[PDB]
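Engineer: Questions regarding the structure given below will be posed in turn.
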Amino acid sequence: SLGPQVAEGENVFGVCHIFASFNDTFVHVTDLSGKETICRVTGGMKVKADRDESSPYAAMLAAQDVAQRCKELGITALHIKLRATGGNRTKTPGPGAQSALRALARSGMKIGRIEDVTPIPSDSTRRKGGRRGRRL
RNA sequence: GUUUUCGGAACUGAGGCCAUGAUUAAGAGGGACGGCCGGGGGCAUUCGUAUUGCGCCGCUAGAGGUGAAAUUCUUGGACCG
């Protein structure tokens, strides 16, 4: 797992798909094409209590672990690909995206272009729930 | 015992005459004509992302869900790309 390239002149790029719902966050790193992956730790991996799996703490620890693994293998520059749960459920990102991005930037890498790739439907099927909604 | 005067009513030919003869165009209505306007209607095409299932590839022990959990799917590779 070594590479005889230059390090001072330029940097090696990858992309990171940050998928964040209201109950779990994902920090997934692939190559530029996206077929081949590098590392993934989810927000339920760090905390052992499944209540706050979408906490900023678990997203911060997962982003720090992903950045440590990427520095171990040799990825320095990274393109952010932000995604919520999408569909017809909601479009607001979950409560770990900003914390994971700040932890990933503070770890000592380089950030390129931030992109929102949440699936926006053009009038898809019926949303889950009744006509009166979830009354609680 | 003629046929008139002793006269009861329908129709047509030709001319003259009438100041010869049809009130208007509703801030009523119908219709026609000209340029448009509108997720108005019917039929046949065409496009968009999303959902689900399936085929292949790569890292992988968690993923879903809740106020909190569980039923649920998972090294026979779930979730994610």
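Identifiers in this document derive from the order of the structure tokens: chains are assigned A, B, ..., residues are numbered from 1 separately in each chain, and ligands are numbered from 1 in order of occurrence.
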Using only C-alpha atoms (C1' of nucleotides), which chain B residues lie at most 7 Å away from chain A, written as JSON, numbers by chain?

Structural biologist: {"B": [48, 49, 50, 51, 58, 59, 81]}

Engineer: Which residues in chain A does DSSP call strand (DSSP E)? List them as number ranges by chain.

Structural biologist: A: 13-20, 25-30, 37-42, 77-83, 110-116

Engineer: Please extract the residues of region 49-131 of chain A with a backbone DSSP assignment of helix (DSSP H, G or I) and present them as a ChimeraX atom specification.

Structural biologist: /A:56-73,97-106

Engineer: Keeping only C-alpha atoms, write the selected residues to a file as an mmCIF file, in the first residue's frame.

Structural biologist:
data_model
loop_
_atom_site.group_PDB
_atom_site.id
_atom_site.type_symbol
_atom_site.label_atom_id
_atom_site.label_comp_id
_atom_site.auth_asym_id
_atom_site.auth_seq_id
_atom_site.Cartn_x
_atom_site.Cartn_y
_atom_site.Cartn_z
ATOM 1 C CA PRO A 56 -22.997 15.507 16.787
ATOM 2 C CA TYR A 57 -20.598 13.574 19.055
ATOM 3 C CA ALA A 58 -20.916 10.293 17.137
ATOM 4 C CA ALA A 59 -20.660 12.085 13.781
ATOM 5 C CA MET A 60 -17.558 13.917 15.053
ATOM 6 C CA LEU A 61 -15.902 10.675 16.190
ATOM 7 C CA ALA A 62 -16.840 8.905 12.941
ATOM 8 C CA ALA A 63 -15.429 11.756 10.830
ATOM 9 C CA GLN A 64 -12.232 11.763 12.916
ATOM 10 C CA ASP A 65 -11.851 7.994 12.442
ATOM 11 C CA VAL A 66 -12.479 8.294 8.679
ATOM 12 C CA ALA A 67 -9.924 11.107 8.387
ATOM 13 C CA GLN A 68 -7.390 9.057 10.375
ATOM 14 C CA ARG A 69 -7.899 6.041 8.081
ATOM 15 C CA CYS A 70 -7.635 8.262 4.984
ATOM 16 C CA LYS A 71 -4.383 9.800 6.242
ATOM 17 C CA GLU A 72 -3.139 6.277 6.991
ATOM 18 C CA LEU A 73 -3.783 5.120 3.422
ATOM 19 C CA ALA A 97 -23.743 16.722 8.894
ATOM 20 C CA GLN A 98 -22.266 20.049 10.035
ATOM 21 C CA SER A 99 -20.464 18.450 12.998
ATOM 22 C CA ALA A 100 -19.020 15.703 10.782
ATOM 23 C CA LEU A 101 -17.929 18.253 8.164
ATOM 24 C CA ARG A 102 -16.298 20.483 10.795
ATOM 25 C CA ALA A 103 -14.510 17.491 12.344
ATOM 26 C CA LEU A 104 -13.375 16.372 8.884
ATOM 27 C CA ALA A 105 -12.036 19.852 8.077
ATOM 28 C CA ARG A 106 -10.390 20.281 11.502
#

Engineer: One number please: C1' of residue 65 (chain B) to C1' of residue 78 (chain B), in Å, one decimal.

Structural biologist: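 Computing the Euclidean distance for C1' of residue 65 (chain B) and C1' of residue 78 (chain B) yields 15.3 Å.
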
Engineer: Got a sec: who's within 6 Å of residue 78 (chain A), counting only C-alpha atoms (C1' of nucleotides), leaving out chain neighbours fewer than 4 positions off, as a VMD selection string?

Structural biologist: chain A and resid 13 to 15 111 to 112
